[PDB]
Structures are given as C-alpha cells and as structure tokens.
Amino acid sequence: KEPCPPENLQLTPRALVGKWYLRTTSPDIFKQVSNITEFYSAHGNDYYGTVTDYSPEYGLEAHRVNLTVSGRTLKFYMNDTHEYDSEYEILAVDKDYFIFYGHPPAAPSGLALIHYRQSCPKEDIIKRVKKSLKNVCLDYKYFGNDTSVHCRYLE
C-alpha cells in the first residue's frame, strides 16, 4: 500500500515538460489501456498536457490533463474520465525517467507509474530504474510492461 519515498523529494520547474511514454506500472494496467504518450507544457506549478492512449474497444483516444505540483506531490486531473485522477508523489527523478506513486480510484491500494523519455529504453536506463525502485521499497518484479509496444529491454 506504500513505498518508502526518498530523503529530499525535490521536484524542479519545467522538469516534467515535453514527451513521455508510460511503459511500466505495478498494478499492470496494460489490459485497460496501451501505447500511452504524455505531452506536458509547464506553466510554473501548473502543467497542461495531452495523453494519447489506445483503448481495447474505443480508439486512439486523447485526453487533456493538468498537473498541479506542490513540492513532493502533484494532483493529476483528466477531463474526459477520472479513474487515474489522484495525488501522486514523486519517487525518483532522472534524465530518462520519472517514477510516481498514487492511490487513484482505478487502484486505491497503490499505483506505481514509470514515465520514460525514450519509447524503448536501453538496458542502462532499466538498470538505473531497478535501482531507483529498490531504493524506495518496490521492485521491477511486481511491475508489468506495455507489450503492445515491443521493447527487448522491457520483456
């Protein structure tokens, strides 16, 4: 139900700006949704953005979302639907990924999300991710990967 979050917890300005791929989660969600692209524009503590997800019945849907960042945490709001709308805590910060944790409606007991800068991250990045997870009391063991976007390092 909880990780053991870091010492500092520092989340800097524009740090989330631009393009991400949500390829790994614990609760594996990649039956409910697939091929998640995020794009965020920074407006101080506010981000506004697009999430292009694929649905196993509906299409290539798109969603408008905004972050509101408060130090270690942010609030995530999606316009069209609200099952991932919750507070999320930053667990790890890296040039090639961020890890967040929350208790949204879709997983009240806890949801870990890895956002990658690359769609198919190289084995170096995965080894750092593995470290970040142990370092906050989760492990790649209980995470699923988005297999609809084949990646030899995420299998």
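Each residue number is its position in the shown sequence, starting from 1.
_109 to 117 versus 40 to 48 - which carries the larger mean C-alpha B factor in the record_ = Between 109 to 117 and 40 to 48, it is 40 to 48.
*May I ask you to compare 88 to 96 and 51 to 59 by their mean CA B factor in the entry and name the higher one?*
So the stretch with the higher mean C-alpha B-factor is 51 to 59.
_Record-listed C-alpha B factor of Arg23: chain third_ = For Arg23, the deposited C-alpha B-factor lands in the lowest third.
*Once the chain's modelled residues are ordered by C-alpha B factor and cut into thirds, is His103 in the lowest, middle or highest one?*
It belongs to the lowest third of the chain when residues are ordered by C-alpha B-factor.
*If you rank the chain by CA B-factor, which third does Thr68 end up in: lowest, middle or highest?*
Lowest third of the chain for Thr68's C-alpha B-factor.
*Grab the CA temperature factor for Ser132 from the record and place it in the lowest, middle or highest third of its chain.*
It falls in the middle third of the chain.
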